[PDB]
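**Q** PDB, C-alpha atoms, saved as data-v4.pdb, coming up:
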ATOM      1  CA  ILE G   1      23.754 -21.892  85.141  1.00  0.00           C
ATOM      2  CA  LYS G   2      23.939 -25.452  83.821  1.00  0.00           C
ATOM      3  CA  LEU G   3      22.302 -27.832  81.307  1.00  0.00           C
ATOM      4  CA  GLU G   4      23.350 -26.084  78.087  1.00  0.00           C
ATOM      5  CA  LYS G   5      22.325 -27.698  74.796  1.00  0.00           C
ATOM      6  CA  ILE G   6      24.001 -26.872  71.484  1.00  0.00           C
ATOM      7  CA  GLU G   7      23.345 -27.639  67.816  1.00  0.00           C
ATOM      8  CA  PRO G   8      26.090 -28.285  65.235  1.00  0.00           C
ATOM      9  CA  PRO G   9      27.115 -24.817  64.052  1.00  0.00           C
ATOM     10  CA  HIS G  10      28.308 -23.570  60.683  1.00  0.00           C
ATOM     11  CA  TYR G  11      29.357 -26.824  59.012  1.00  0.00           C
ATOM     12  CA  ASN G  12      31.738 -24.607  57.054  1.00  0.00           C
ATOM     13  CA  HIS G  13      33.533 -26.540  54.340  1.00  0.00           C
ATOM     14  CA  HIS G  14      37.058 -27.462  55.433  1.00  0.00           C
ATOM     15  CA  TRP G  15      38.519 -28.554  52.079  1.00  0.00           C
ATOM     16  CA  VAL G  16      38.182 -25.007  50.668  1.00  0.00           C
ATOM     17  CA  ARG G  17      36.346 -25.295  47.303  1.00  0.00           C
ATOM     18  CA  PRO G  18      34.007 -22.297  47.715  1.00  0.00           C
ATOM     19  CA  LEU G  19      33.802 -21.522  43.975  1.00  0.00           C
ATOM     20  CA  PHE G  20      31.944 -18.578  42.446  1.00  0.00           C
ATOM     21  CA  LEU G  21      29.547 -18.075  39.568  1.00  0.00           C
ATOM     22  CA  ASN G  22      28.325 -15.079  37.616  1.00  0.00           C
ATOM     23  CA  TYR G  23      24.585 -14.596  37.241  1.00  0.00           C
ATOM     24  CA  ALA G  24      24.075 -11.828  34.655  1.00  0.00           C
ATOM     25  CA  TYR G  25      22.498 -14.155  32.072  1.00  0.00           C
ATOM     26  CA  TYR G  26      18.967 -13.994  33.508  1.00  0.00           C
ATOM     27  CA  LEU G  27      18.925 -11.173  36.072  1.00  0.00           C
ATOM     28  CA  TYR G  28      19.707  -8.449  33.529  1.00  0.00           C
ATOM     29  CA  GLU G  29      17.081  -9.653  31.055  1.00  0.00           C
ATOM     30  CA  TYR G  30      14.436  -9.624  33.798  1.00  0.00           C
ATOM     31  CA  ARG G  31      15.426  -6.607  35.923  1.00  0.00           C
ATOM     32  CA  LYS G  32      15.748  -4.503  32.768  1.00  0.00           C
ATOM     33  CA  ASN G  33      12.084  -5.125  31.961  1.00  0.00           C
ATOM     34  CA  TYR G  34      10.468  -2.949  34.651  1.00  0.00           C
ATOM     35  CA  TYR G  35      12.586   0.145  34.137  1.00  0.00           C
ATOM     36  CA  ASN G  36      13.453   0.171  30.427  1.00  0.00           C
ATOM     37  CA  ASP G  37       9.966  -0.028  28.907  1.00  0.00           C
ATOM     38  CA  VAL G  38       8.783   2.858  31.089  1.00  0.00           C
ATOM     39  CA  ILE G  39      11.938   4.929  30.631  1.00  0.00           C
ATOM     40  CA  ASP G  40      12.262   3.918  26.977  1.00  0.00           C
ATOM     41  CA  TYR G  41       8.751   5.323  26.653  1.00  0.00           C
ATOM     42  CA  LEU G  42       9.510   8.343  28.854  1.00  0.00           C
ATOM     43  CA  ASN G  43      12.567   9.466  26.891  1.00  0.00           C
ATOM     44  CA  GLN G  44      11.111   8.535  23.498  1.00  0.00           C
ATOM     45  CA  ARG G  45       8.086  10.688  24.289  1.00  0.00           C
ATOM     46  CA  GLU G  46      10.554  13.379  25.353  1.00  0.00           C
ATOM     47  CA  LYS G  47      12.094  12.993  21.892  1.00  0.00           C
ATOM     48  CA  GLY G  48       8.810  14.296  20.494  1.00  0.00           C
ATOM     49  CA  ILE G  49       6.664  11.333  19.429  1.00  0.00           C
ATOM     50  CA  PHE G  50       3.580  10.062  21.244  1.00  0.00           C
ATOM     51  CA  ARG G  51       2.026   6.688  22.006  1.00  0.00           C
ATOM     52  CA  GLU G  52      -0.051   5.078  24.743  1.00  0.00           C
ATOM     53  CA  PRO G  53       0.752   5.961  28.372  1.00  0.00           C
ATOM     54  CA  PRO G  54       2.328   3.121  30.374  1.00  0.00           C
ATOM     55  CA  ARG G  55      -0.279   0.522  31.268  1.00  0.00           C
ATOM     56  CA  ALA G  56       0.431  -1.830  34.137  1.00  0.00           C
ATOM     57  CA  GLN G  57       1.760  -5.090  32.752  1.00  0.00           C
ATOM     58  CA  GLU G  58       1.391  -8.729  33.745  1.00  0.00           C
ATOM     59  CA  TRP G  59       4.371 -11.079  33.878  1.00  0.00           C
ATOM     60  CA  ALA G  60       3.407 -13.152  30.839  1.00  0.00           C
ATOM     61  CA  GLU G  61       2.759 -10.052  28.721  1.00  0.00           C
ATOM     62  CA  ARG G  62       6.092  -8.541  29.743  1.00  0.00           C
ATOM     63  CA  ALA G  63       7.850 -11.799  28.872  1.00  0.00           C
ATOM     64  CA  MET G  64       6.082 -11.760  25.503  1.00  0.00           C
ATOM     65  CA  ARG G  65       7.284  -8.210  24.866  1.00  0.00           C
ATOM     66  CA  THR G  66      10.852  -9.158  25.800  1.00  0.00           C
ATOM     67  CA  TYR G  67      10.629 -12.155  23.467  1.00  0.00           C
ATOM     68  CA  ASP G  68       9.498  -9.891  20.633  1.00  0.00           C
ATOM     69  CA  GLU G  69      12.438  -7.584  21.338  1.00  0.00           C
ATOM     70  CA  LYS G  70      14.940 -10.460  21.433  1.00  0.00           C
ATOM     71  CA  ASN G  71      13.903 -12.238  18.233  1.00  0.00           C
ATOM     72  CA  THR G  72      15.838 -10.184  15.687  1.00  0.00           C
ATOM     73  CA  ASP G  73      14.463 -12.585  13.056  1.00  0.00           C
ATOM     74  CA  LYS G  74      11.310 -10.570  12.414  1.00  0.00           C
ATOM     75  CA  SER G  75       9.962 -13.508  10.449  1.00  0.00           C
ATOM     76  CA  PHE G  76       8.099 -12.510   7.312  1.00  0.00           C
ATOM     77  CA  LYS G  77       6.620 -16.025   7.349  1.00  0.00           C
ATOM     78  CA  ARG G  78       3.879 -14.909   9.702  1.00  0.00           C
ATOM     79  CA  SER G  79       2.685 -13.331   6.474  1.00  0.00           C
ATOM     80  CA  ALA G  80       3.189 -16.880   5.182  1.00  0.00           C
ATOM     81  CA  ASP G  81       0.912 -18.194   7.923  1.00  0.00           C
ATOM     82  CA  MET G  82      -1.560 -15.677   6.531  1.00  0.00           C
ATOM     83  CA  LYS G  83      -1.009 -16.536   2.857  1.00  0.00           C
ATOM     84  CA  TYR G  84      -2.116 -19.977   3.917  1.00  0.00           C
ATOM     85  CA  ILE G  85      -5.413 -18.037   3.775  1.00  0.00           C
ATOM     86  CA  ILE G  86      -4.112 -15.794   0.936  1.00  0.00           C
ATOM     87  CA  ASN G  87      -2.517 -16.392  -2.499  1.00  0.00           C
ATOM     88  CA  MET G  88      -5.821 -15.588  -4.164  1.00  0.00           C
ATOM     89  CA  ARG G  89      -6.084 -16.870  -7.728  1.00  0.00           C
ATOM     90  CA  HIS G  90      -8.565 -16.829 -10.649  1.00  0.00           C
ATOM     91  CA  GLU G  91      -9.940 -13.431  -9.657  1.00  0.00           C
ATOM     92  CA  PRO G  92      -9.090 -12.234 -13.259  1.00  0.00           C
ATOM     93  CA  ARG G  93     -10.831 -15.186 -14.901  1.00  0.00           C
ATOM     94  CA  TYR G  94     -12.588 -14.756 -18.241  1.00  0.00           C
ATOM     95  CA  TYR G  95     -15.151 -17.470 -19.120  1.00  0.00           C
ATOM     96  CA  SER G  96     -16.320 -15.244 -21.980  1.00  0.00           C
ATOM     97  CA  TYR G  97     -14.451 -16.415 -25.107  1.00  0.00           C
ATOM     98  CA  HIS G  98     -13.426 -14.324 -28.119  1.00  0.00           C
ATOM     99  CA  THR G  99     -15.812 -12.659 -30.571  1.00  0.00           C
ATOM    100  CA  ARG G 100     -14.023 -13.486 -33.868  1.00  0.00           C
ATOM    101  CA  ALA G 101     -15.459 -11.655 -36.904  1.00  0.00           C
ATOM    102  CA  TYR G 102     -18.537 -12.918 -38.762  1.00  0.00           C
ATOM    103  CA  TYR G 103     -18.117 -10.142 -41.304  1.00  0.00           C
ATOM    104  CA  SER G 104     -18.148 -10.233 -45.102  1.00  0.00           C
ATOM    105  CA  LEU G 105     -19.018  -6.574 -45.786  1.00  0.00           C
ATOM    106  CA  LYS G 106     -22.698  -7.098 -45.068  1.00  0.00           C
ATOM    107  CA  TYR G 107     -24.982  -4.242 -46.106  1.00  0.00           C
ATOM    108  CA  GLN G 108     -27.861  -3.150 -43.879  1.00  0.00           C
ATOM    109  CA  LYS G 109     -28.625  -0.260 -46.292  1.00  0.00           C
ATOM    110  CA  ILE G 110     -30.406   2.831 -44.894  1.00  0.00           C
ATOM    111  CA  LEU G 111     -27.409   3.898 -42.811  1.00  0.00           C
TER     112      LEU G 111
END
Could you write out this structure as structure tokens?
**A**
Amino acid sequence: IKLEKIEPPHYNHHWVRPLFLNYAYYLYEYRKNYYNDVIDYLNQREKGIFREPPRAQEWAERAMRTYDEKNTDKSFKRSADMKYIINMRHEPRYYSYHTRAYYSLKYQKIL
């Protein structure tokens, strides 16, 4: 059996330098999403309080929920975004003026 053809194998790095890198920064925050929300609802319901059964969730909505969980700064200035439409004024306006007293002990008699 002749006429063997080979391709360059491996190309393993000869000057060592393999290095390593941890990856828990993103995997944990994304893996945790599927299981926690369900289980965090399963056990919390087991605690004795009810809410909506687990709906199937789409990636963007799950990311939004994780973002809401992460932002510990539960900004009260969303209520500021609303008081852009609020801060109502002049509801207790008067436009009526005072009555004074045009009295000099007038007598209408009878009564």
**Q** Adding 8 Å on each side of the box along x, y and z that holds all listed atoms of stretch 87-100 of chain G, could you give its centre and edge lengths in Å to one decimal, as JSON?
**A**
{"center_x": -9.4, "center_y": -14.9, "center_z": -18.2, "size_x": 29.8, "size_y": 21.2, "size_z": 47.4}
**Q** One number please: atom CA of residue G:37 to atom CA of residue G:66, in Å, one decimal.
**A**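 These two atoms are separated by 9.7 Å.
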**Q** Using all atoms listed in the file, pick whichever of G:33, G:24, G:107, G:73 has the shortest atom-to-atom distance to residue G:59.
**A**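 Closest to residue G:59 of all the choices is G:33.
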**Q** Between atom CA of residue G:54 and atom CA of residue G:41, measure the distance and give it in Å to one decimal.
**A**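 Going from atom CA of residue G:54 over to atom CA of residue G:41 covers 7.7 Å.
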**Q** Which value, in Å to one decimal, gives the distance between atom CA of residue G:79 and atom CA of residue G:94?
**A** 29.1 Å
**Q** Residues within 12 Å of (12.1, -3.5, 28.8), file coordinates, counting all atoms listed in the file: what are they? Give the list as a VMD selection string.
**A** chain G and resid 28 to 41 54 57 59 61 to 70
